[PDB]
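Notes for the one structure printed next.
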Amino acid sequence: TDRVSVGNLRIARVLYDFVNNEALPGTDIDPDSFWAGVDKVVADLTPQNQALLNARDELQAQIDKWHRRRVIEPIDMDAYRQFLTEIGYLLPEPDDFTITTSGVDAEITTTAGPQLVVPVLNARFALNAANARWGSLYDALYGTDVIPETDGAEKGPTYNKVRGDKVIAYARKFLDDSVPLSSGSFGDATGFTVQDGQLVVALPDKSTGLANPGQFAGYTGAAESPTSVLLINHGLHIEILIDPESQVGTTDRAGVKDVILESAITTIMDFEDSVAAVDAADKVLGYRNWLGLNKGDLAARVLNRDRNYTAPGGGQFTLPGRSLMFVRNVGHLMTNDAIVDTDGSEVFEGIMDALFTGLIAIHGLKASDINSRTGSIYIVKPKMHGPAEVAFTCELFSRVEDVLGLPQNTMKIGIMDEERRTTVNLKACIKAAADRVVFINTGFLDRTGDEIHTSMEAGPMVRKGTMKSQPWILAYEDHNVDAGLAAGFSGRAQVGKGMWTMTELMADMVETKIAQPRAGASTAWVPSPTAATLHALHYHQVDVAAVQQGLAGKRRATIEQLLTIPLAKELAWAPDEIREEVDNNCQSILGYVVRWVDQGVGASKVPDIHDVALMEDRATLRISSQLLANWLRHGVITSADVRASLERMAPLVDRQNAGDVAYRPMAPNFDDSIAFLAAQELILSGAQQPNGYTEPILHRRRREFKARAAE
Ligand SMILES: O=C(O)c1cc2sccc2[nH]1
Ligand SMILES: [Mg+2]
Ligand SMILES: [Mg+2]
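Using the deposited numbering, the letters of the sequence shown map in sequence onto residues 2 to 301, 312 to 380, 386 to 727.
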């Protein structure tokens, strides 16, 4: 064996070395006592962890039988509801309360705007993310399909000025909508000056100020001839870079080189569904990146420093130039062999994540010879089921704080709302974290995986595409905003919404995603720094703080709508529609699995069945597999169907990775591909996985590949 014995634990050496040599130095935490903390916290909390997982299995078991004992269709929702209360699945709502969480940064309590999520195992992507707090609107507009390439404005090897002018025009118009001049348009501006503390803008036959001078917030250079001008609207910053000597500024009517938008206000470094990390070596690669981010010395190429400005009244000030970080730890399910037992039992990965990522974050609270200036650590806990599992997270963070010698309530929690048992008890869930909570958040994929698994025995479900528009999910989206607002989230915590997955479809993002801030969402997920810039446009257009005031007190969702199961209408599909959906789901699984098992990639630009590039995480494996498994259970399709579909889609996936040197085809040797067998196992063993979770099968298969590669 290759482990370091500490109490009842056998720590993997790679881990042991990393914590001692890299992580602990600077934290003034005694390496001896730290490892004692670990062995003690693990031993003390592991049974509670295991009891929760057991309880998930008990409830599901009762719901399984219940559905199998229904003669009368359609489902009596009154009985169904009372059964859930009986078995303690549906708990009574607590009285109104207001969260009490202190020491939270302004990016979270106050500022509405984009929030970026990125695989922590990718230093470059993670580097770009932390620096994505500020980004160029011009590069984003020119680089993407927001500005059409319709004849004249196509992207070429060389810079296209027809295109550049439309980019300019777009930004000129954005200025008009966001920070309006009393008279005239930014489009005709010829210069910018600052006299007596007010911003004057040069116009052809006049000059004006802002309609609200308040929106002027600073500048750089000399007041007579500024190198930039800093505007604020809706708490978000806009910078107009003025440089008549630049290529763009030369042919610009006011000498403007660019417009810079405060984009990714916060960022989530992810240890969960966007990364593949199945052993001790994978975990330390992850932890090491998190360390470099927190010490501030990650480099491939560095982390930006803050920005300097002159106050409107000729003073001096500063704005942060990094995107405030969260970290997402893994949920309650998995164990990982980075630490094993004396009998060989793996130690729970969630517990490990709280200890290590929390240890590491201490560096981010002190001068990089920097992060939460108010003294907090931000962890996003995924895949929780119900308030009891939330209280368990508190106690974990409590103990870890003691081990690390941190003040209590230092380790804040963002509660993901992505499991059905959490949704319908959301108010209780927040109350259980009332003094630590900084964040709620909804999303399609995981929540829909759980929806389908929980009602597996009820009957055939609707196609994946139909789920977005089903009653349960609309109620869920609204119910989350309400429970957040009612618990006092406005001004105190983020209410968030899900990811835009179509990375090349930015015009479409720019028209569609605006509904999220309009839905009252203080923040929402974007897959890149570019998209974070474009999504920033939405918070300039929507006054989220006002939308939230207006929603306050409304109960827009009822428990009946939440509990409305997405059953399919009897004989709803034509045989070709069934085939299209099977082929679609098998392609989604195959497309994501092959990269996961063969290459340890947890998120990437995966072409779908129609060659649209989706940037999904592992949750897309849960929904897709649970759905085919559902359809299997109820005889919507056969096993001959599933196999035939997988065998057709694998060559297709193969070609979609034609440009990848490292790629191993799955065709034609299907049963010899670990990736192919994994895709197949997820589907055929799907009904039996706890809550449809894909980690057990996936992790095992990636570890199987690692071993064949070890030869
Ligand atoms: O589809 C999603 O929910 C998703 C895609 C990516 S990439 C990093 C997180 C994340 N989440
Ligand atoms: Mg998820
Ligand atoms: Mg407004």
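Idealized CB from N, CA, C, for every residue including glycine.
- In the three-state DSSP reduction, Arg312 falls in the coil class, being neither helix nor strand.
- If you check the C-beta of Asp271 against ligand 2, you find no heavy atom less than 7 Å away.
- If one requires a minimum length of 3 residues, no beta strand (DSSP E) run lies completely within the segment 27–108.
- Within the segment 165–213, the runs of beta strand (DSSP E) that reach at least 3 residues and sit entirely inside it are, in chain order, 192–196, 199–204, 207–209.
- A straight line joining the alpha-carbon of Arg595 with that of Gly651 spans about 14 Å.
- With contacts defined by Cβ atoms closer than 8 Å, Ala212 and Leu232 do not form a contacting pair.
- Residue burial is scored here from C-beta neighbours: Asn340 has at least 16 other C-beta atoms within 10 angstroms and is therefore classed as buried.
- The beta strand (DSSP E) runs lying completely inside the segment 395–458 and spanning 3 residues or more are 427–433, 453–458, given in chain order.
- Sequence-distant partners of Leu299 (beyond 5 residues in either direction) whose C-beta falls short of 8 Å from its own C-beta, in its chain, are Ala124, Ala127, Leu128, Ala131, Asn290, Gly293.
- Each of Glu434, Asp462, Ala635 has a C-beta closer than 5 Å to some heavy atom of ligand 2; these make up the full list, in chain order.
- Ligand 1 approaches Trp541 closely enough that one of its heavy atoms is under 7 Å from the residue's Cβ.
- Judged by beta-carbon spacing, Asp498 lies within the 8 Å limit of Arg571, meaning their Cβ atoms are closer than that value.
- In the DSSP assignment, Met477 is bridged to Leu583.
- In this structure, the C-beta of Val118 approaches ligand 1 to less than 7 Å from one of its heavy atoms.
- In the displayed model, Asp352 falls within a strand according to three-state DSSP.
- Judged by the Cβ position, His554 fails to qualify as a neighbour of ligand 3 at the 7 Å threshold, every heavy atom of the ligand being at least this far.
- For ligand 1, a non-hydrogen atom lies closer than 7 Å to the CB of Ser275.
- In the structure shown, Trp488 adopts helical secondary structure according to DSSP, grouped into three states.
- By alpha-carbon distance to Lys399, the top candidate from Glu434, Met363, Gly391, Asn457 is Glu434.
- If only complete runs of 4 or more residues are kept, the segment 213–281 shows the alpha helix (DSSP H) at 248–251, in order along the chain.
- For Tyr288 and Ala282, the gap between their C-alpha atoms comes out near 10 Å.
- When secondary structure is reduced to three states using DSSP, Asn496 falls in the helix class.
- Contact annotation: the segment 474–481 does not touch the segment 402–421, with fewer than three C-beta pairs closer than 8 Å.
- In this structure, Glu632 has its CB closer than 7 Å to one or more heavy atoms of ligand 1.
- Under the three-state reduction of DSSP, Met518 is assigned to strand.
- The criterion of a C-beta distance shorter than 8 Å is satisfied by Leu567 and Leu501.
- Annotation for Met665 indicates a beta carbon at 7 Å or more from all heavy atoms of ligand 1.
- Restricting attention to alpha helix (DSSP H) runs no shorter than 4 residues, the segment 123–155 encloses them at 124–131, 138–144, ordered along the chain.
- For the set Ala301, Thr2, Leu693, the Cα lying nearest the Cα of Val15 is the one of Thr2.
- With a threshold of 16 other beta carbon atoms within 10 Å, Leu587 falls short and is exposed.
- Straight through space, the alpha carbons of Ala107 and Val558 are spaced by roughly 19 Å.
- Here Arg724 is exposed, its C-beta having fewer than 16 other C-beta atoms within 10 Å.
- Counting the other CB atoms within 10 Å of its CB gives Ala444 a total of 16 or more, which places it among the buried residues.
- Nearest C-alpha to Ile431 among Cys410, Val453, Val440, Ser414: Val453.
- A residue is called buried when at least 16 other Cβ atoms come within 10 angstroms of its Cβ; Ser661 meets this threshold and is buried.
- Look at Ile468 here: in three-state DSSP terms it is helix.
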